[PDB]
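For reference, the chain that follows is the form deposited in one PDB entry, supplied as C-alpha cells.
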C-alpha cells in the first residue's frame, strides 16, 4: 500500500489550469499532480528518514541508544570543538560582497521553511523546555557539554522544539515522520507575496485598483516605502529596544526581520513590485488591480529566477555548474519540483558566509556617522535601526562595498551566530546557530555524511586517513573522528561544509551535488519557469535578459553609483558607475492594446 494520503494542514483548491499566473500555494503547477511543489506538504525524501527508533526519535535522543555502535556527540560539543573561532582577521571573502551572502538567504527563504512545532501559543511546555531543560514531546533541548562557558551564564541547555511534521494527526497506518515545507518549492517570490492565500491578501493594497503591495503608513525612507508593521504582539523587534518600540515588518515570509540586511532586501523587493505595478498602469491604464498585481508578481518572479541562475549559482557551484545545471531544455513535468529535506540543510552553507559586523555607508561609501560598524548580534530582530537611523540606503551601500565572510576550515561560523543568536520567543542574545543546525539534522531524520557522499557517487571515507584525504586537513579530520568515531555518523551540515570548495565556487563537492541537483529540478519541473515558452513572449524575454541587481537598487533607492557585478568584491570608487549607464527593464513589450 503506497500512500499519497497524508498532509492535513493545507487549503483545498480546484485548478483554473489555463490561468497564465502561479497560485499563491504552489498548487496546480503540475497538472497531472496539482499538489507537487505546493506549500504545507512533506519535504521530498531523496533518501529515507533515519530515526533512532525507525519512526520519529532523533539520533541523540536516548542516552544509551548508539548510532552504528557509537554515541552521537552533543550538538554544542561539535560546535565548540570545530565550528567556533576567535580571530575575524583575514576571514573575509576577497571576491564576494555581503550581497553574495544576503541573496543566499533570500533564495533559501523562497524555496523552503520548516516551522517549529507550535503547540505552545502561550504555554507551560515552553517553561518545562527553557527553564527545566526537560526533553519530551517537541522539546528536544541542546544540553551544554562540560566546560561550556554558557553553563555558568545561561543554564544547562538551549531550548529547541522539533520541526512541524505532516498530519498533526497522521493516517493511522505506520510510516516515518516527514517535515512540512510551509513555502512553495518553486522560485516564485513567495517570500514577498505569501504561500498561504489569506496573508497574500492582507499584503496587497485592495483600497486602490492599482495592484500595489500594502506599504507602511507611519514611516517613510525619504519618500521611498517601508513594509507594513507586523502588529502581532509580543514583538521580538520591540523587545531588543523597548525605548524605540519598532515592531517587525510583515512580509510574504515569517522570517523577514530575523536580521536587518534580510529586512533591507525584503524592502528592495516590495519597492520594485509597486514600481513594476505603477509603470504597467501607465502603459495599460485599462488593466484592473488583479491583472496589475499578477503581471508584476510574474515579472518580480522571473527577476529572482534570472539573478539566481545567471549571477549567483555559477559562483556557488563554480566548476560544477555545467555538470548539474546544463542549458535549459524546456518544462519536464516528469521532474519532481519539491525541495528535499537534505537541501534545507545543504543551503545553510550560507551560515559560514555571514561576518561579525554590518556597516552603514554615506553617499561617498565612507562610514556613515559614529556607530557606522555594528556587531551582527545587535541587528537580529532590529527594525529600529532602519526606521529611526538612516533608512535602507546606508545598509545597501554596505551590501555593495563590504565583503561576505569566506568559509574557513579553522574559522567556520562567527561567534555572532555561534554564541549570541536571538530567537523570537526567547529573551537572550545567547543561542548557537551551528548547534541548532546540527540538532535540526537529527530532528529531521537526516542520513549521514557517507550516505550522502554515496548518493552523490563520491568515495565514502571510513578511517582517519580516508577522511584526511577528503577534507585535505589532518587536524580537522582528527577532531571529527574523535567526536563521531566514524565518518558514517558525521551529521550532514558539518559533513558537507567541512569539505574544501570546488574550483571557482564557495561549496565543496557533496554540497555542489545536493545544491546542483535541487536547482536543476526547481527549474526543469517549473511550468512557470521564465524561459518556458508561452510563459513570457519572446520579446518580454529579450527584455528580462537585461535585469541586474545593480538596476533594482538604482530604481528603488536614492543610491546613484553602483557596480555592474554586485555579487563579486567591489571597492569605491574604482568599481562603481553612475546608474544612467546601467541597463533598465524595457516594459514596452508588456503594452496590451485591443486594436
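Only residues modelled in both forms are compared. Think of the rigid core as the biggest set of C-alphas that the two forms share within 1.5 Å after superposition. Residue numbers count along the first chain shown, from 1.
300-308 and 174-182 differ in mean CA B-factor, and the higher of the two is recorded for 174-182. In this entry, 118-126 shows the higher mean Cα temperature factor of the pair 118-126 and 207-215.
Sorting 137, 258, 488, 443 by the CA temperature factor given in the entry leaves 137 at the top. The residue among 272, 336, 188, 363 whose C-alpha atom has the highest B-factor in the PDB entry is 363.
Residue 553: CA B factor lies in the lowest third for its chain, per the PDB record. Among all modelled residues in its chain, residue 44 ranks in the lowest third by Cα B-factor.
In the deposited entry, the Cα temperature factor of residue 542 sits in the top third of values across the chain's modelled residues. Residue-level temperature factors show residue 81 in the middle third of its chain, judged at the C-alpha atom.
Sort the modelled residues of the chain by CA B factor and residue 341 lands in the lowest third.
As for the form deposited in another entry, it is not shown, yet the points below apply to it.
When the two forms are superposed on their rigid core between this form and the one not shown, the C-alpha shift of 2 Å or more among 168, 197, 145, 115 belongs solely to 168. In the core-superposed comparison between this form and the one not shown, residue 20 has its Cα shifted by less than 2 Å. Relative to the superposed core, residue 7 undergoes a Cα shift of 2 Å or more between this form and the one not shown.
Whereas the shown form places them at one spacing, the Cα atoms of residue 57 and residue 171 lie at least 3 Å closer in the other form. In the other form, the CA atoms of residue 168 and residue 159 draw together by 3 angstroms or more relative to this form. Moving regions between this form and the one not shown, defined as 3+ consecutive residues each with a CA shift of at least 2 Å after core superposition, lie at 1-9, 167-172.
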